[PDB]
C-alpha cells in the first residue's frame, strides 16, 4: 500500500488532514501516494504512535525533533519545511520575544513577569528563552518547570503539567497541547500577549506579521534584544534571541516509509503548495494557523540519507538543548 498515515493533533488538524486527503485523491493518480489520518491529543502521542507503527508522520518543531530521537522512540527527521521565499528557501528562522510598546522591561528584567510560550520543549517558545534565562532562575533548578514557574508570575506553557507546576498554566489552564488551547503555538502565544494575558510572547520572527495585517497595530509591539534594549518588530535580523532549524516531518528510523513521505509531500506542494491552488492550501486553513504544517512555510526539501536528529539539528542547537537539561551556574 502507498498510504502515509499522518498523525493529526486534535480536531482542527484532523479536519485539515481530511481535506488534504480528499484534495490529493482528486489530483493524484489512482496508483500514487495516499494520506490517511490518525487523530491524537498531542504531538507526544503522535511520537509514540509512529514509533509503535500506528502512524507514519508528524511535523515537529526542531526542539521536539530532538526528543523524538531519544529512545524508546528513535524517530528521525525526513522532510523539512522551508520559509522565506521559494527562490531563497530558509531552512531556519529567528527566535524572538515580542512585547508591547512601553511595557518598561528588558530581557534582564523578565523576573516576575507573565510569559506566553508556544509550547514546552519547543525552539523559539521554550528552548531558546529558557536556555538564556537558565541562571536567572532560582534554585533549585530541577525540575526546570518549577524554577521557570517561580521565576515568572504566571504563564502559559502548553504541554506542561499543571498539577505539578500550576503556574505554567495560569494563563491557559491545563496547558493544553493542541489548538484546542487558544494560547497554543506561535499564534497562540501571540494571542496571549495581544489579548493582555501575558507580558511577553516567545515566538518566531514572522509571528506578529501573520496575525496583524496593519502596521499601525504592529507599532504597539516591540522585541527584546540580547544587549537588553528594544527594537521595532521589523528589526529581528538584529533583535532576535537565536536562529533555529526549521520544523521537520519525522518518521521511524526503520521501515518508516521516508521516501513515500517525500513523494507525498513533494507532490502535495506541487498542487497545493504556496499560492498554487485556490481550492486547497497546504500552508493555511479556515480552521486555524499552523495546522499540520506552519503557515509561514513555502515548501519542503528532503532531508539527506539516514540523517540523524543530532546531525540534522546541528551542533550548536543540539548543545543548547543539552545545556538546558544539564549545565550549571
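Residue numbers count along the first chain shown, from 1.
Visitor: Comparing 31 to 39 with 52 to 60, which has the greater mean CA B-factor as deposited?
Guide: So the stretch with the higher mean C-alpha B-factor is 31 to 39.
Visitor: Of 191 to 199 and 160 to 168, which one has the bigger average CA B-factor?
Guide: Here the higher of the two C-alpha B-factor means belongs to 160 to 168.
Visitor: Check the PDB entry and point out which of 140, 77, 154, 245 has the largest C-alpha temperature factor.
Guide: Max CA B-factor in the entry, restricted to 140, 77, 154, 245: 140.
Visitor: Mind checking which third residue 259 falls in for C-alpha B-factor across the chain?
Guide: Within its chain, residue 259 is a middle-third residue by C-alpha B-factor, going by the deposited values.
Visitor: Looking at the C-alpha B-factor of residue 13, is it in the lowest, middle or highest third of its chain?
Guide: Within its chain, residue 13 is a lowest-third residue by C-alpha B-factor, going by the deposited values.
Visitor: With respect to C-alpha B-factor, does residue 183 fall in the lowest, middle or highest third of the chain as deposited?
Guide: Within its chain, residue 183 is a lowest-third residue by C-alpha B-factor, going by the deposited values.
Visitor: Grab the CA temperature factor for residue 304 from the record and place it in the lowest, middle or highest third of its chain.
Guide: As the PDB entry reports it, the C-alpha B-factor of residue 304 lands in the highest third of its chain.
Visitor: Taking the chain's C-alpha temperature factors as the reference, tell me which third residue 268 falls into: lowest, middle or highest.
Guide: It falls in the middle third of the chain.
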